[PDB]
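Note: the block below is coords15.cif and it holds mmCIF, N, CA, C and O atoms.
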```cif
data_query
loop_
_atom_site.label_atom_id
_atom_site.label_comp_id
_atom_site.auth_asym_id
_atom_site.auth_seq_id
_atom_site.Cartn_x
_atom_site.Cartn_y
_atom_site.Cartn_z
N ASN P 1 0.82 -1.21 0.00
CA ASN P 1 0.00 0.00 0.00
C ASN P 1 0.86 1.26 0.00
O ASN P 1 0.47 2.27 -0.59
N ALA P 2 2.03 1.21 0.64
CA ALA P 2 2.89 2.40 0.67
C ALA P 2 3.42 2.72 -0.73
O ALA P 2 3.36 3.88 -1.17
N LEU P 3 3.93 1.71 -1.43
CA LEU P 3 4.36 1.92 -2.81
C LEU P 3 3.20 2.30 -3.72
O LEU P 3 3.38 3.06 -4.68
N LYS P 4 1.99 1.79 -3.44
CA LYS P 4 0.83 2.25 -4.19
C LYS P 4 0.57 3.73 -3.95
O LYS P 4 0.18 4.46 -4.87
N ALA P 5 0.81 4.20 -2.73
CA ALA P 5 0.61 5.61 -2.43
C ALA P 5 1.62 6.48 -3.15
O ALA P 5 1.27 7.55 -3.67
N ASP P 6 2.89 6.05 -3.20
CA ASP P 6 3.86 6.78 -4.01
C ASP P 6 3.49 6.75 -5.49
O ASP P 6 3.71 7.74 -6.20
N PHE P 7 2.90 5.65 -5.97
CA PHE P 7 2.51 5.62 -7.37
C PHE P 7 1.39 6.61 -7.66
O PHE P 7 1.41 7.30 -8.68
N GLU P 8 0.40 6.70 -6.76
CA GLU P 8 -0.67 7.67 -6.98
C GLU P 8 -0.14 9.10 -6.90
O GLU P 8 -0.52 9.95 -7.72
N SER P 9 0.73 9.38 -5.93
CA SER P 9 1.26 10.74 -5.82
C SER P 9 2.11 11.09 -7.03
O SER P 9 2.08 12.23 -7.50
N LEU P 10 2.86 10.12 -7.57
CA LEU P 10 3.65 10.37 -8.76
C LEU P 10 2.76 10.59 -9.98
O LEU P 10 3.08 11.42 -10.84
N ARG P 11 1.64 9.88 -10.06
CA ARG P 11 0.73 10.10 -11.18
C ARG P 11 0.10 11.49 -11.10
O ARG P 11 -0.03 12.18 -12.13
N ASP P 12 -0.25 11.94 -9.89
CA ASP P 12 -0.80 13.28 -9.75
C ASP P 12 0.25 14.34 -10.07
O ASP P 12 -0.06 15.35 -10.73
N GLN P 13 1.49 14.13 -9.64
CA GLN P 13 2.55 15.07 -9.99
C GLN P 13 2.82 15.08 -11.48
O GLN P 13 3.13 16.14 -12.04
N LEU P 14 2.67 13.94 -12.16
CA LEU P 14 2.85 13.91 -13.60
C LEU P 14 1.76 14.71 -14.30
O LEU P 14 2.03 15.49 -15.22
N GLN P 15 0.51 14.54 -13.85
CA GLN P 15 -0.57 15.30 -14.46
C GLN P 15 -0.40 16.80 -14.20
O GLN P 15 -0.69 17.63 -15.07
N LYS P 16 0.12 17.15 -13.03
CA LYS P 16 0.34 18.56 -12.71
C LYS P 16 1.45 19.15 -13.57
O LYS P 16 1.30 20.24 -14.15
N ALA P 17 2.57 18.44 -13.68
CA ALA P 17 3.68 18.91 -14.50
C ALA P 17 3.30 18.97 -15.97
O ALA P 17 3.86 19.77 -16.73
N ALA P 18 2.36 18.13 -16.39
CA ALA P 18 1.91 18.17 -17.78
C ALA P 18 0.99 19.36 -18.02
O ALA P 18 1.18 20.11 -18.99
N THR P 19 -0.02 19.54 -17.17
CA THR P 19 -0.99 20.60 -17.42
C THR P 19 -0.44 21.99 -17.14
O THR P 19 -0.92 22.97 -17.72
N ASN P 20 0.57 22.11 -16.28
CA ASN P 20 1.04 23.43 -15.87
C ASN P 20 2.04 24.04 -16.84
O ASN P 20 2.36 25.23 -16.70
N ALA P 21 2.52 23.29 -17.82
CA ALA P 21 3.54 23.76 -18.75
C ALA P 21 2.86 24.31 -20.00
O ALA P 21 2.36 23.55 -20.83
N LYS P 22 2.86 25.63 -20.13
CA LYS P 22 2.33 26.26 -21.33
C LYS P 22 2.95 27.64 -21.47
O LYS P 22 3.16 28.35 -20.48
N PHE P 23 3.24 28.02 -22.71
CA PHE P 23 3.83 29.32 -23.02
C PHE P 23 2.77 30.21 -23.63
O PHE P 23 2.25 29.91 -24.72
N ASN P 24 2.44 31.30 -22.94
CA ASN P 24 1.47 32.29 -23.41
C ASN P 24 0.09 31.68 -23.64
O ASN P 24 -0.61 32.03 -24.60
N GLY P 25 -0.33 30.76 -22.77
CA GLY P 25 -1.67 30.22 -22.81
C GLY P 25 -1.88 29.11 -23.81
O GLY P 25 -2.99 28.56 -23.88
N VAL P 26 -0.86 28.74 -24.57
CA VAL P 26 -0.93 27.65 -25.53
C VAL P 26 0.22 26.70 -25.24
O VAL P 26 1.31 27.13 -24.85
N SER P 27 -0.02 25.40 -25.42
CA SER P 27 0.95 24.38 -25.05
C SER P 27 0.96 23.27 -26.09
O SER P 27 -0.05 22.97 -26.72
N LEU P 28 2.13 22.65 -26.24
CA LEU P 28 2.31 21.51 -27.13
C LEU P 28 2.56 20.20 -26.38
O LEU P 28 3.03 19.24 -26.99
N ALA P 29 2.25 20.14 -25.09
CA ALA P 29 2.47 18.94 -24.30
C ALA P 29 1.23 18.42 -23.60
O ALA P 29 1.11 17.20 -23.41
N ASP P 30 0.30 19.29 -23.20
CA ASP P 30 -0.91 18.87 -22.49
C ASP P 30 -2.00 18.36 -23.43
O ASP P 30 -3.02 17.85 -22.94
N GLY P 31 -1.83 18.48 -24.74
CA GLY P 31 -2.85 18.03 -25.66
C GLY P 31 -4.01 18.98 -25.85
O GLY P 31 -5.07 18.56 -26.31
N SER P 32 -3.84 20.25 -25.48
CA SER P 32 -4.92 21.21 -25.64
C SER P 32 -5.32 21.38 -27.10
O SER P 32 -6.47 21.74 -27.39
N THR P 33 -4.40 21.15 -28.02
CA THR P 33 -4.70 21.21 -29.45
C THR P 33 -3.82 20.18 -30.16
O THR P 33 -2.69 19.92 -29.74
N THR P 34 -4.36 19.60 -31.23
CA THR P 34 -3.66 18.53 -31.95
C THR P 34 -2.37 19.01 -32.61
O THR P 34 -1.50 18.19 -32.89
N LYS P 35 -2.23 20.31 -32.87
CA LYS P 35 -1.02 20.83 -33.48
C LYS P 35 -0.95 22.34 -33.26
O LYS P 35 -1.92 22.97 -32.83
N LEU P 36 0.21 22.90 -33.57
CA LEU P 36 0.41 24.34 -33.61
C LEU P 36 0.96 24.73 -34.97
O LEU P 36 1.53 23.90 -35.69
N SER P 37 0.79 26.00 -35.33
CA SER P 37 1.25 26.52 -36.61
C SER P 37 2.06 27.78 -36.37
O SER P 37 1.64 28.66 -35.61
N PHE P 38 3.20 27.88 -37.04
CA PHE P 38 4.06 29.05 -36.96
C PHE P 38 4.47 29.46 -38.37
O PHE P 38 4.62 28.63 -39.26
N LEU P 39 4.64 30.77 -38.54
CA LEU P 39 4.93 31.32 -39.86
C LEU P 39 6.26 30.80 -40.38
O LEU P 39 7.21 30.56 -39.63
N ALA P 40 6.32 30.61 -41.70
CA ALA P 40 7.55 30.20 -42.36
C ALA P 40 7.84 30.98 -43.63
O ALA P 40 8.84 30.69 -44.28
N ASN P 41 7.02 31.96 -43.99
CA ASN P 41 7.17 32.68 -45.24
C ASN P 41 6.38 33.98 -45.16
O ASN P 41 5.48 34.13 -44.33
N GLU P 42 6.72 34.92 -46.05
CA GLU P 42 5.99 36.17 -46.11
C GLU P 42 4.56 35.97 -46.62
O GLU P 42 3.69 36.79 -46.34
N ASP P 43 4.31 34.89 -47.36
CA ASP P 43 2.98 34.65 -47.91
C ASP P 43 2.05 33.97 -46.91
O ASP P 43 0.88 33.76 -47.22
N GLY P 44 2.54 33.63 -45.71
CA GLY P 44 1.72 33.04 -44.68
C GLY P 44 1.73 31.53 -44.62
O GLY P 44 1.04 30.96 -43.76
N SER P 45 2.49 30.85 -45.48
CA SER P 45 2.60 29.40 -45.37
C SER P 45 3.25 29.05 -44.04
O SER P 45 4.22 29.69 -43.61
N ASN P 46 2.72 28.02 -43.38
CA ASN P 46 3.04 27.77 -41.98
C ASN P 46 4.11 26.70 -41.83
O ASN P 46 4.25 25.80 -42.66
N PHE P 47 4.87 26.81 -40.74
CA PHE P 47 5.79 25.77 -40.30
C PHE P 47 5.00 24.87 -39.36
O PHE P 47 4.94 25.10 -38.15
N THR P 48 4.37 23.84 -39.93
CA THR P 48 3.53 22.95 -39.13
C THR P 48 4.37 22.20 -38.10
O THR P 48 5.48 21.74 -38.39
N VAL P 49 3.84 22.09 -36.89
CA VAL P 49 4.45 21.30 -35.82
C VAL P 49 3.36 20.45 -35.17
O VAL P 49 2.36 20.98 -34.66
N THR P 50 3.52 19.14 -35.23
CA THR P 50 2.59 18.24 -34.57
C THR P 50 2.74 18.34 -33.06
O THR P 50 3.85 18.49 -32.54
N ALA P 51 1.62 18.29 -32.35
CA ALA P 51 1.63 18.26 -30.90
C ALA P 51 2.02 16.88 -30.40
O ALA P 51 1.79 15.86 -31.05
N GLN P 52 2.63 16.86 -29.21
CA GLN P 52 2.95 15.61 -28.52
C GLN P 52 2.28 15.67 -27.15
O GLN P 52 2.74 16.40 -26.26
N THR P 53 1.21 14.90 -26.98
CA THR P 53 0.41 14.93 -25.75
C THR P 53 1.14 14.14 -24.67
O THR P 53 1.04 12.92 -24.59
N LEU P 54 1.87 14.86 -23.83
CA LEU P 54 2.60 14.27 -22.71
C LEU P 54 1.76 14.13 -21.46
O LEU P 54 2.26 13.64 -20.44
N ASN E 1 3.68 -1.97 38.58
CA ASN E 1 3.35 -0.57 38.80
C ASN E 1 4.41 0.35 38.23
O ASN E 1 4.09 1.41 37.67
N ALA E 2 5.68 -0.04 38.32
CA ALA E 2 6.75 0.80 37.78
C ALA E 2 6.67 0.86 36.26
O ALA E 2 6.81 1.94 35.66
N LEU E 3 6.44 -0.28 35.62
CA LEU E 3 6.27 -0.31 34.17
C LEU E 3 5.05 0.50 33.74
O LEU E 3 5.10 1.23 32.74
N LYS E 4 3.97 0.45 34.53
CA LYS E 4 2.78 1.22 34.21
C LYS E 4 3.07 2.71 34.27
O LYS E 4 2.74 3.46 33.34
N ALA E 5 3.68 3.17 35.37
CA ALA E 5 3.93 4.60 35.52
C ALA E 5 4.91 5.11 34.47
O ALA E 5 4.75 6.23 33.96
N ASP E 6 5.91 4.30 34.10
CA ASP E 6 6.79 4.72 33.01
C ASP E 6 6.05 4.77 31.68
O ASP E 6 6.32 5.64 30.84
N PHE E 7 5.08 3.88 31.49
CA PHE E 7 4.27 3.94 30.27
C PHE E 7 3.45 5.23 30.23
O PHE E 7 3.33 5.86 29.17
N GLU E 8 2.88 5.62 31.37
CA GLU E 8 2.07 6.84 31.38
C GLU E 8 2.94 8.06 31.15
O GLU E 8 2.55 9.01 30.45
N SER E 9 4.16 8.05 31.70
CA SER E 9 5.07 9.15 31.42
C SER E 9 5.44 9.19 29.95
O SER E 9 5.55 10.28 29.36
N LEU E 10 5.58 8.03 29.31
CA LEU E 10 5.89 8.01 27.89
C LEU E 10 4.72 8.51 27.05
O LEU E 10 4.93 9.23 26.06
N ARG E 11 3.49 8.16 27.41
CA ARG E 11 2.36 8.66 26.62
C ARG E 11 2.24 10.17 26.77
O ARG E 11 1.89 10.87 25.81
N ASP E 12 2.53 10.70 27.96
CA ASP E 12 2.47 12.14 28.15
C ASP E 12 3.57 12.84 27.36
O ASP E 12 3.32 13.88 26.73
N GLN E 13 4.78 12.28 27.36
CA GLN E 13 5.84 12.85 26.54
C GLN E 13 5.49 12.77 25.06
O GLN E 13 5.84 13.66 24.27
N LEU E 14 4.76 11.72 24.66
CA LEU E 14 4.34 11.58 23.27
C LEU E 14 3.37 12.69 22.89
O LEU E 14 3.52 13.33 21.84
N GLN E 15 2.37 12.94 23.74
CA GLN E 15 1.42 14.01 23.44
C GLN E 15 2.11 15.37 23.44
O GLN E 15 1.77 16.24 22.62
N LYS E 16 3.10 15.56 24.31
CA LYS E 16 3.80 16.84 24.35
C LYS E 16 4.65 17.05 23.10
O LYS E 16 4.65 18.14 22.52
N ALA E 17 5.39 16.02 22.68
CA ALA E 17 6.19 16.13 21.47
C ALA E 17 5.32 16.27 20.23
O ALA E 17 5.74 16.86 19.23
N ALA E 18 4.10 15.72 20.28
CA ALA E 18 3.18 15.91 19.17
C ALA E 18 2.69 17.35 19.10
O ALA E 18 2.74 17.98 18.04
N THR E 19 2.22 17.88 20.23
CA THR E 19 1.65 19.23 20.22
C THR E 19 2.71 20.31 20.02
O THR E 19 2.41 21.38 19.48
N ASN E 20 3.96 20.05 20.43
CA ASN E 20 4.97 21.10 20.38
C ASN E 20 5.43 21.41 18.96
O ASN E 20 6.01 22.48 18.72
N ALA E 21 5.19 20.50 18.02
CA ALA E 21 5.73 20.62 16.67
C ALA E 21 4.77 21.41 15.79
O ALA E 21 3.74 20.90 15.34
N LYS E 22 5.11 22.67 15.54
CA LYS E 22 4.38 23.51 14.61
C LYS E 22 5.33 24.53 14.01
O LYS E 22 6.24 25.02 14.68
N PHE E 23 5.10 24.86 12.74
CA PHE E 23 5.98 25.74 11.98
C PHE E 23 5.20 26.97 11.55
O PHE E 23 4.31 26.88 10.69
N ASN E 24 5.55 28.12 12.13
CA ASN E 24 4.93 29.41 11.81
C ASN E 24 3.41 29.30 11.98
O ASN E 24 2.62 29.62 11.09
N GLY E 25 3.00 28.76 13.12
CA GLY E 25 1.61 28.74 13.51
C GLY E 25 0.76 27.66 12.89
O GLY E 25 -0.45 27.64 13.13
N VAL E 26 1.34 26.76 12.09
CA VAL E 26 0.60 25.70 11.42
C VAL E 26 1.43 24.43 11.46
O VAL E 26 2.66 24.46 11.52
N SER E 27 0.73 23.29 11.42
CA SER E 27 1.39 22.00 11.53
C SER E 27 0.50 20.93 10.91
O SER E 27 -0.71 21.11 10.75
N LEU E 28 1.12 19.80 10.56
CA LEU E 28 0.42 18.67 9.98
C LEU E 28 0.35 17.49 10.94
O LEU E 28 -0.69 16.82 11.02
N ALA E 29 1.43 17.21 11.67
CA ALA E 29 1.49 16.01 12.50
C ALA E 29 0.48 16.05 13.64
O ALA E 29 -0.02 15.00 14.06
N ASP E 30 0.15 17.23 14.15
CA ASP E 30 -0.75 17.32 15.30
C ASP E 30 -2.22 17.25 14.92
O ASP E 30 -3.07 17.15 15.82
N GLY E 31 -2.55 17.30 13.63
CA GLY E 31 -3.94 17.25 13.23
C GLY E 31 -4.71 18.52 13.51
O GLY E 31 -5.92 18.46 13.78
N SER E 32 -4.04 19.67 13.48
CA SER E 32 -4.69 20.94 13.75
C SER E 32 -5.81 21.25 12.76
O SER E 32 -6.77 21.94 13.13
N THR E 33 -5.71 20.76 11.53
CA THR E 33 -6.76 20.93 10.54
C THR E 33 -6.64 19.79 9.54
O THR E 33 -5.62 19.10 9.49
N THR E 34 -7.70 19.59 8.76
CA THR E 34 -7.73 18.44 7.86
C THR E 34 -6.64 18.52 6.79
O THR E 34 -6.10 17.49 6.38
N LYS E 35 -6.29 19.73 6.35
CA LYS E 35 -5.32 19.87 5.27
C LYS E 35 -4.87 21.32 5.15
O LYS E 35 -5.59 22.24 5.56
N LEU E 36 -3.67 21.50 4.60
CA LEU E 36 -3.20 22.79 4.13
C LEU E 36 -2.90 22.69 2.64
O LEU E 36 -2.39 21.67 2.16
N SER E 37 -3.21 23.76 1.90
CA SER E 37 -3.13 23.76 0.44
C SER E 37 -2.04 24.73 -0.01
O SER E 37 -2.28 25.92 -0.19
N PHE E 38 -0.83 24.20 -0.19
CA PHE E 38 0.27 24.98 -0.74
C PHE E 38 0.09 25.17 -2.24
O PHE E 38 -0.55 24.37 -2.92
N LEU E 39 0.65 26.26 -2.75
CA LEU E 39 0.51 26.59 -4.16
C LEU E 39 1.28 25.60 -5.04
O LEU E 39 2.29 25.01 -4.63
N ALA E 40 0.77 25.41 -6.25
CA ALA E 40 1.43 24.57 -7.24
C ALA E 40 1.45 25.19 -8.63
O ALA E 40 2.20 24.71 -9.49
N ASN E 41 0.68 26.25 -8.88
CA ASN E 41 0.57 26.87 -10.19
C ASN E 41 0.06 28.29 -9.97
O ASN E 41 -0.60 28.56 -8.96
N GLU E 42 0.37 29.20 -10.90
CA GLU E 42 0.12 30.61 -10.64
C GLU E 42 -1.33 31.04 -10.86
O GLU E 42 -1.64 32.22 -10.65
N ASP E 43 -2.22 30.14 -11.29
CA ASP E 43 -3.63 30.50 -11.32
C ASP E 43 -4.27 30.40 -9.95
O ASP E 43 -5.43 30.81 -9.78
N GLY E 44 -3.56 29.87 -8.96
CA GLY E 44 -4.10 29.64 -7.64
C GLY E 44 -4.47 28.21 -7.33
O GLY E 44 -4.94 27.95 -6.21
N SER E 45 -4.30 27.28 -8.26
CA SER E 45 -4.55 25.88 -7.98
C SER E 45 -3.57 25.39 -6.92
O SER E 45 -2.40 25.78 -6.91
N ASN E 46 -4.05 24.53 -6.02
CA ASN E 46 -3.33 24.23 -4.80
C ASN E 46 -2.76 22.82 -4.82
O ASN E 46 -3.47 21.85 -5.10
N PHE E 47 -1.46 22.71 -4.52
CA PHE E 47 -0.91 21.44 -4.07
C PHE E 47 -1.50 21.11 -2.71
O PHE E 47 -1.59 21.97 -1.83
N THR E 48 -1.89 19.85 -2.53
CA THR E 48 -2.63 19.44 -1.34
C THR E 48 -1.81 18.47 -0.51
O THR E 48 -1.20 17.54 -1.05
N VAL E 49 -1.80 18.68 0.80
CA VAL E 49 -1.14 17.78 1.74
C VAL E 49 -2.07 17.53 2.92
O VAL E 49 -2.17 18.37 3.83
N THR E 50 -2.77 16.40 2.91
CA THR E 50 -3.66 16.07 4.00
C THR E 50 -2.87 15.83 5.29
O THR E 50 -1.78 15.25 5.27
N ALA E 51 -3.42 16.30 6.40
CA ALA E 51 -2.77 16.13 7.69
C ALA E 51 -2.79 14.68 8.13
O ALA E 51 -3.76 13.95 7.93
N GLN E 52 -1.69 14.25 8.75
CA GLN E 52 -1.60 12.97 9.43
C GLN E 52 -1.57 13.26 10.92
O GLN E 52 -0.58 13.78 11.44
N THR E 53 -2.65 12.91 11.62
CA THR E 53 -2.75 13.22 13.04
C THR E 53 -1.87 12.26 13.85
O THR E 53 -2.35 11.23 14.33
N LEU E 54 -0.59 12.61 13.99
CA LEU E 54 0.32 11.80 14.79
C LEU E 54 0.12 12.03 16.29
O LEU E 54 0.75 11.33 17.10
#
```
What is this structure when it is put down as structure tokens?
Amino acid sequence: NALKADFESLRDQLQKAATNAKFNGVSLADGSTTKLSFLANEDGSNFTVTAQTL
Amino acid sequence: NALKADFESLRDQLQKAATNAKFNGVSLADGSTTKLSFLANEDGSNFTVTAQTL
């Protein structure tokens, strides 16, 4: 039961470290969006980046 | 009778060492309250540590 308690606390800490990491309200680790897009040209074509839901 | 009286002295020392332990007016081991909620993220969401009434 003691090791089970450390496992639950570690799972909660993992969810906290996952949800709390975001830059300017958007994140590529918590899964808030399937991907992000960043500019790559003057014409607006995007530098696509797939999200990784950690 | 001697073993009994030494046992009662030990239980009293136990209650005293339990009550004496507090940090800046708050404590967990003595069971002063069900829980204290330390910060974990800047929106105000709380890291939680339930008291263990020792």
* **Result set, the PyMOL selection byres ((chain E) within 8 of (chain P)) on current file, as a list in words** => residues 40, 41 and 42 of chain E
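Residues of chain E carrying a DSSP assignment of alpha helix (DSSP H), computed from the backbone, are residues 2, 3, 4, 5, 6, 7, 8, 9, 10, 11, 12, 13, 14, 15, 16, 17, 18, 19 and 20 of chain E.
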* **Shell of 9 Å around segment 22-28 of chain P, only C-alpha atoms, local chain residues under 2 positions omitted, as a PyMOL selection string** => chain P and resi 18-20+30-36+49-54
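Across the structure, atom CA of residue 38 of chain P and atom CA of residue 14 of chain P are spaced 27.9 Å apart.
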* Asked: Per DSSP on the backbone, what are the strand (DSSP E or B) residues of chain E, as a PyMOL selection string?
  -> chain E and resi 23+26+35-39+46-50
Please save N, CA, C and O atoms of the selected residues as a PDB file, in the frame of the given file.
```
ATOM      1  N   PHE E  23       5.100  24.860  12.740  1.00  0.00           N
ATOM      2  CA  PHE E  23       5.980  25.740  11.980  1.00  0.00           C
ATOM      3  C   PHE E  23       5.200  26.970  11.550  1.00  0.00           C
ATOM      4  O   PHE E  23       4.310  26.880  10.690  1.00  0.00           O
ATOM      5  N   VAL E  26       1.340  26.760  12.090  1.00  0.00           N
ATOM      6  CA  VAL E  26       0.600  25.700  11.420  1.00  0.00           C
ATOM      7  C   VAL E  26       1.430  24.430  11.460  1.00  0.00           C
ATOM      8  O   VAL E  26       2.660  24.460  11.520  1.00  0.00           O
ATOM      9  N   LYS E  35      -6.290  19.730   6.350  1.00  0.00           N
ATOM     10  CA  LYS E  35      -5.320  19.870   5.270  1.00  0.00           C
ATOM     11  C   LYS E  35      -4.870  21.320   5.150  1.00  0.00           C
ATOM     12  O   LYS E  35      -5.590  22.240   5.560  1.00  0.00           O
ATOM     13  N   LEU E  36      -3.670  21.500   4.600  1.00  0.00           N
ATOM     14  CA  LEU E  36      -3.200  22.790   4.130  1.00  0.00           C
ATOM     15  C   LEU E  36      -2.900  22.690   2.640  1.00  0.00           C
ATOM     16  O   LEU E  36      -2.390  21.670   2.160  1.00  0.00           O
ATOM     17  N   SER E  37      -3.210  23.760   1.900  1.00  0.00           N
ATOM     18  CA  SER E  37      -3.130  23.760   0.440  1.00  0.00           C
ATOM     19  C   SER E  37      -2.040  24.730  -0.010  1.00  0.00           C
ATOM     20  O   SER E  37      -2.280  25.920  -0.190  1.00  0.00           O
ATOM     21  N   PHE E  38      -0.830  24.200  -0.190  1.00  0.00           N
ATOM     22  CA  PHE E  38       0.270  24.980  -0.740  1.00  0.00           C
ATOM     23  C   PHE E  38       0.090  25.170  -2.240  1.00  0.00           C
ATOM     24  O   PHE E  38      -0.550  24.370  -2.920  1.00  0.00           O
ATOM     25  N   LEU E  39       0.650  26.260  -2.750  1.00  0.00           N
ATOM     26  CA  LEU E  39       0.510  26.590  -4.160  1.00  0.00           C
ATOM     27  C   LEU E  39       1.280  25.600  -5.040  1.00  0.00           C
ATOM     28  O   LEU E  39       2.290  25.010  -4.630  1.00  0.00           O
ATOM     29  N   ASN E  46      -4.050  24.530  -6.020  1.00  0.00           N
ATOM     30  CA  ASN E  46      -3.330  24.230  -4.800  1.00  0.00           C
ATOM     31  C   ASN E  46      -2.760  22.820  -4.820  1.00  0.00           C
ATOM     32  O   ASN E  46      -3.470  21.850  -5.100  1.00  0.00           O
ATOM     33  N   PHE E  47      -1.460  22.710  -4.520  1.00  0.00           N
ATOM     34  CA  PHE E  47      -0.910  21.440  -4.070  1.00  0.00           C
ATOM     35  C   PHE E  47      -1.500  21.110  -2.710  1.00  0.00           C
ATOM     36  O   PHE E  47      -1.590  21.970  -1.830  1.00  0.00           O
ATOM     37  N   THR E  48      -1.890  19.850  -2.530  1.00  0.00           N
ATOM     38  CA  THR E  48      -2.630  19.440  -1.340  1.00  0.00           C
ATOM     39  C   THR E  48      -1.810  18.470  -0.510  1.00  0.00           C
ATOM     40  O   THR E  48      -1.200  17.540  -1.050  1.00  0.00           O
ATOM     41  N   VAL E  49      -1.800  18.680   0.800  1.00  0.00           N
ATOM     42  CA  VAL E  49      -1.140  17.780   1.740  1.00  0.00           C
ATOM     43  C   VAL E  49      -2.070  17.530   2.920  1.00  0.00           C
ATOM     44  O   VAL E  49      -2.170  18.370   3.830  1.00  0.00           O
ATOM     45  N   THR E  50      -2.770  16.400   2.910  1.00  0.00           N
ATOM     46  CA  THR E  50      -3.660  16.070   4.000  1.00  0.00           C
ATOM     47  C   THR E  50      -2.870  15.830   5.290  1.00  0.00           C
ATOM     48  O   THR E  50      -1.780  15.250   5.270  1.00  0.00           O
TER      49      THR E  50
END
```
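What separates atom CA of residue 6 of chain P from atom CA of residue 46 of chain E is a distance of 18.9 Å.
The spacing separating atom CA of residue 45 of chain E from atom CA of residue 29 of chain E amounts to 23.5 Å.
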